[PDB]
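**Student:** Got a structure here, written out as structure tokens. Questions coming.
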There are 2 protein chains.
Amino acid sequence: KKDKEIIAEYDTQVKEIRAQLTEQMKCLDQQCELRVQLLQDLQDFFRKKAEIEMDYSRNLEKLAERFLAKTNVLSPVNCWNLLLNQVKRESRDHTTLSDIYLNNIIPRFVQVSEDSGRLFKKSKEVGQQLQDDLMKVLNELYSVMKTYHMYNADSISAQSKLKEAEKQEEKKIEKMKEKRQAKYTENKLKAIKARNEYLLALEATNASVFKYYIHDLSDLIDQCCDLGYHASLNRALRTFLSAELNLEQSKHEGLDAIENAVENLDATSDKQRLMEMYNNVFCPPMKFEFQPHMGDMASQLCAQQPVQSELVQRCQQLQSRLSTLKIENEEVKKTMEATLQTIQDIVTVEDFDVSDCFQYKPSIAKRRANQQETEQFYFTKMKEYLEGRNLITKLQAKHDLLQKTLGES
Amino acid sequence: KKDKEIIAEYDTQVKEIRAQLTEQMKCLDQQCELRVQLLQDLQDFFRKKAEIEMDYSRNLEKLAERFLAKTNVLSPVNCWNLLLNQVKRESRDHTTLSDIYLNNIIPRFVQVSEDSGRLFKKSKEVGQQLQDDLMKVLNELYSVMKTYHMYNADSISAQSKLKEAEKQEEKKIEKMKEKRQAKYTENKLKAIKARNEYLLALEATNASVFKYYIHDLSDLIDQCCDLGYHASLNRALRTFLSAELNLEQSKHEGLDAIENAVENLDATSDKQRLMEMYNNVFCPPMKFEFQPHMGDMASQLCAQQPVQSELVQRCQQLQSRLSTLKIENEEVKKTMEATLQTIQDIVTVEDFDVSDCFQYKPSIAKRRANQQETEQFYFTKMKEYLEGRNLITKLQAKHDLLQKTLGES
């Protein structure tokens with residue numbers, strides 16, 4: 001192994017390290033461009049997202065305000081009222097969601113976009129200070145082995161001259177060559193010293209490289225994230241999460257109001273509220289009272305003989321005639337209640353769950369026609385029931401007045 | 001009470017009823033216009049709402065697709081990935097919400113808008129049939145009291161002639177006036193009969209009016225809602241509720257994915273994934289090995305006398321020198337860990353809850369400046385800690401090789 005063979009071998013190893021170290025800082029420059037790219041991507045994203053949220057908010061207020069530019073309340077009207085109210089509420093929530101995007105979310109990105117710029121520059125500062133400190137230890141070794149090569153070559157240079165002086169000799173020739181041992185032991189002691197120093201120099205340099213690549217490099221990676229790159233983004237994103245979570249609770253609150261307006265839709269309530277509004281239209285008029293002629297003294301049914309027996313005849317005959325009419329007016333009403341239930345069981349169907357629509361028949365024309373045959377029949381049963389009702393009223397009214405005057409004797 | 005005084009009194013009462021009955025059907029025509037107005041309002045509403053939902057869906061796909069037209073993954077990148085994924089998901093949910101509005105919700109309104117038209121026409125059919133049936137009973141009474149007025153006037157006409165025949169009398173004059181009692185009792189029996197009939201006619205008419213205004217009117221109100229006006233709207237609205245409830249579960253599912261990407265943001269994970277990607281850039285190079293000169297046989301520290309005592313001297317002195325350096329390199333690191341914690345406690349703040357923004361300071365400039373004084377100091381402590389680290393490495397490496405060769409004797 002020649003004097004230059006060793007120096008060229010280390011110099012090739014080191015030229016690689018200088019190439020590696022410079023490519024390590026180029027690697028950090030990529031990751032800084034990446035950091036500021038993502039933050040810019042986030043900025044422009046929420047800049048357009050806020051634009052779109054406010055655009056959505058605008059259209060919903062336009063819809064709600066158009067149907068309120070036309071503006072006792074019934075249950076279906078109240079459902080409609082809470083439908084327009086929700087739309088006006090949801091729009092207000094979206095203006096605020098857009099404000100959070102611009103005044104809260106984005107100002108974090110502009111701050112961290114400057115922080116990622118500034119802290120990288122300060123990290124690279126330590127980075128270059130560490131690279132230079134290592135490069136010191138590397139080029140230190142250059143002069144230490146050059147010392148070793150020189151001292152070891154001189155130790156063998158005295159060793160060859162000693163074996164030639166022993167070849168010739170073994171008057172003053174034996175006494176003269178005595179200084180060859182005095183200079184060989186000198187050169188060997190020195191070559192031992194330079195070997196020692198170089199051996200400790202290697203052990204120093206080997207651990208120096210070790211602690212850079214393993215510790216200093218790793219420590220510097222987490223350094224520009226410690227600082228708190230994750231910690232600052234945790235907040236930025238949770239600000240967005242809380243914003244969308246508060247929109248979720250606000251939409252849900254209004255939706256349960258519509259849902260409750262659907263619950264406490266009542267037919268009996270709409271019947272009463274309509275007649276309370278028009279108390280004069282559905283006003284029951286004054287009963288037709290008995291008007292005597294010329295000042296007629298009698299006011300009740302004069303059941304005097306011989307009309308008593310005629311009234312006895314009619315009353316006992318009306319009693320079985322009203323019984324027969326009622327018997328067959330109901331077992332009409334019973335069919336009319338069956339038909340009503342039939343139409344009711346068609347309309348009381350649970351075809352509202354559209355859960356199938358979010359997951360990733362020709363007989364309909366006959367069912368609809370079938371509904372308009374049952375309704376047609378329902379009315380023809382009602383016309384039949386009410387027409388029969390009219391006569392039972394005029395027959396019962398005559399019968400009950402007959403019973404009070406007399407009875408059945 | 002005169003013959004015409006009675007007839008005019010009833011005729012005024014009835015002219016009011018004909019006015020009332022006609023105003024009852026005019027009242028139903030208002031409520032039908034109202035029913036078809038609300039259904040039309042609902043139609044146009046969802047027609048514009050679906051237009052707006054699809055418009056919103058379009059812009060979100062445009063946003064998501066722009067940032068995916070530019071398209072191992074790190075934890076902040078993965079957060080960004082799930083942010084764009086959610087926006088692409090939410091947009092798809094809004095296309096479907098718009099389809100429900102047009103293909104499911106609206107076709108119910110067009111059906112019920114025809115049903116409210118048709119069933120009203122059939123209700124008014126029964127309505128007019130009931131009005132006419134009542135008007136029968138009313139104008140029935142006209143001829144019954146005209147019968148009573150005639151029969152009661154003739155009963156008193158025979159009564160006056162009887163008291164004049166008793167005045168004159170009390171050959172054949174007493175026998176001739178006997179037929180006056182034969183015609184008075186005749187006319188009284190008939191006037192009793194006509195009174196009876198009219199009294200029963202009143203009782204019939206009074207109950208007939210009763211059952212119209214109380215029962216027939218009420219029964220006919222619920223009739224055009226029984227049919228199932230509430231029952232058809234219950235479904236129509238619950239179709240909308242299920243649609244907005246399924247959007248709510250779908251948004252929430254995607255939001256928890258972003259939230260989980262925030263949870264399992266890790267510094268240690270980003271450190272390892274970055275070095276796995278660039279295994280050649282952060283590549284630990286080959287250790288600098290001992291290179292002998294000319295073929296030097298020795299390879300270790302030649303601790304031969306008289307260098308043994310010199311190594312004993314240096315090792316025992318390095319042992320207290322490395323101890324002193326470490327003592328004051330840490331109690332630097334301890335301040336460097338305090339400063340790091342100081343900056344960490346600034347960035348680990350819970351300022352994300354924006355619940356205050358949905359409910360219906362000048363010291364910020366000093367806090368931000370304060371953060372950039374602590375960071376400045378942190379780096380100056382790190383430069384101080386790492387510079388001190390470098391020397392402890394080169395001193396320990398020389399010391400530990402010294403100890404293995406010998407020890408401390």
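Identifiers for the structure tokens are assigned positionally: chains receive A, B, ... in sequence, residues are indexed from 1 per chain, and ligands are indexed from 1 in the order shown.
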Write out as a PyMOL selection string every residue belonging to chain B that has an atom at most 6 Å from any atom of chain A, counting only C-alpha atoms.
**Tutor:** chain B and resi 1+196+200+203-204+206+231+235+238-239+242+287+293-294+301+347+352-354+394+397-398
**Student:** Show me, as a PyMOL selection string, the residues that have an atom within 8 Å of residue 190 (chain B) when counting only C-alpha atoms, minus same-chain residues fewer than 4 positions from it.
**Tutor:** chain B and resi 151+186+194
**Student:** Those residues you just picked out, can you put them in a file as a compact mmCIF listing (two decimals), in the first residue's frame with N, CA, C and O atoms?
**Tutor:**
# COMPACT_ATOMS: atom_id res chain seq x y z
N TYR B 151 -156.98 27.22 8.28
CA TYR B 151 -157.82 26.41 9.18
C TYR B 151 -158.12 27.04 10.54
O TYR B 151 -159.19 26.80 11.11
N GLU B 186 -166.59 20.75 13.70
CA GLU B 186 -165.94 20.32 12.45
C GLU B 186 -164.67 21.15 12.16
O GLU B 186 -163.60 20.57 11.94
N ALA B 194 -154.46 20.71 11.76
CA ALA B 194 -153.49 21.59 11.08
C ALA B 194 -152.44 22.19 12.03
O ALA B 194 -151.30 22.45 11.61
**Student:** So which residues touch residue 54 (chain B) within 8 Å, counting only C-alpha atoms, skipping near sequence neighbours fewer than 4 positions away, as a PyMOL selection string?
**Tutor:** chain B and resi 50+58+94-95+98
**Student:** Write to file, as a short mmCIF file (atom, residue, chain, number, x, y, z; two decimals), in the first residue's frame, the residues of the selection just made, with C-alpha atoms.
**Tutor:**
data_model
loop_
_atom_site.label_atom_id
_atom_site.label_comp_id
_atom_site.auth_asym_id
_atom_site.auth_seq_id
_atom_site.Cartn_x
_atom_site.Cartn_y
_atom_site.Cartn_z
CA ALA B 50 -83.04 21.54 -6.39
CA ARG B 58 -71.28 21.76 -9.25
CA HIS B 94 -76.09 17.20 -3.00
CA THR B 95 -76.73 15.93 -6.55
CA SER B 98 -81.56 17.53 -5.71
#
**Student:** Run DSSP on the backbone and give me the residues of region 249-293 of chain B it puts in alpha helix (DSSP H), as a ChimeraX atom specification.
**Tutor:** /B:249-263,267-277
**Student:** Would you please work out which residue, of B:88, B:15, B:4, B:161, is nearest to residue 254 (chain B) when using only C-alpha atoms?
**Tutor:**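 For residue 254 (chain B), the nearest of the given residues is B:88.
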**Student:** Near residue 109 (chain A), within 8 Å and counting only C-alpha atoms, which residues show up once chain neighbours fewer than 2 positions away are dropped, as a ChimeraX atom specification?
**Tutor:** /A:39-40,42-43,105-107,111-113
**Student:** Find the distance between CA of residue 188 (chain A) and CA of residue 405 (chain B) and write it in Å to one decimal.
**Tutor:**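 If I compute the distance from CA of residue 188 (chain A) to CA of residue 405 (chain B), I get 19.8 Å.
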